[PDB]
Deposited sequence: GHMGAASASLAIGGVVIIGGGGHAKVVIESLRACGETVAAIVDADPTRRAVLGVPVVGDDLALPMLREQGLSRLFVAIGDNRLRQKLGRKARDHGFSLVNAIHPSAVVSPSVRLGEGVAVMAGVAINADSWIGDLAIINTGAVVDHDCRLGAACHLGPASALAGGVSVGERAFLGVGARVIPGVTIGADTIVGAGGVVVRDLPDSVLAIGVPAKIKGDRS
């Protein structure tokens, strides 16, 4: 628990955390410490579990990222971090292309190779994973996850906590409900309700 002055605290110490750490460092940020439910990751010390958050705040650390893949859990831990007095930073790799008219929330991960086009809105705690494409006028709800190499054409809306697997695609104007999962490679050609799983080319709901 001895730490430097000023860096970012990470909740989570798994594979997703490794990628987030590297995005932060590529921007010139310092990663101070990890809290993990199993109480180092790429040279960052694991200092305890989430009970260590008050201690970290008291010692002057005030900036945090939630590096947890599970969308519902990430959302819950973001709220906890904010309650403890932390501000949620963004982890945006410098190679990502984020249009100047994009609206970004807080606690957002944007991985290497991403492109996000004009007038898209990205909710708090979203993940836009490696190589993903978000075209113009999209709306991404809080804590959703666009997996690696996924792509949204224009005017797509993605509900809170929805998850699109590696290489999923969505055609223009479609709306996907909250808590829905699109399997890897699924090609979504019609609106999806909340709380379903859809797979295939074209994607079809699986009961």
Give me the ranges of the deposited sequence that have no CA atoms here, in sequence order. 1-7, 47-49, 218-220
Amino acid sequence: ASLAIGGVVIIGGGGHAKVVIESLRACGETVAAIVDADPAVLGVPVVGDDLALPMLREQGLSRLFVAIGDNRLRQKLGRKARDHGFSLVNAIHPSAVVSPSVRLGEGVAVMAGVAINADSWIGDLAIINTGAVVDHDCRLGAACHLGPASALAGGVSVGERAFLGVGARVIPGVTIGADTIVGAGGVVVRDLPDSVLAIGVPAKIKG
From here on, numbers count along this sequence of modelled residues.
Decide which of the stretches 45-53 and 135-143 has the higher mean C-alpha B-factor, going by the entry. 45-53
Entry B factor averaged over C-alpha atoms, 182-190 against 6-14: higher for 6-14
Tell me, lowest, middle or highest third: where does the Cα B factor of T175 rank within its chain? middle
Could you tell me which third, lowest, middle or highest, the C-alpha B-factor of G167 occupies within its chain? lowest
Within this chain's modelled residues, let me know which third the CA B factor of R74 belongs to: lowest, middle or highest. middle
Could you look up the Cα B-factor of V89 in the entry and say which third of the chain it sits in: lowest, middle or highest? middle
Could you say whether, by C-alpha temperature factor, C27 belongs to the lowest, middle or highest third of its chain? highest
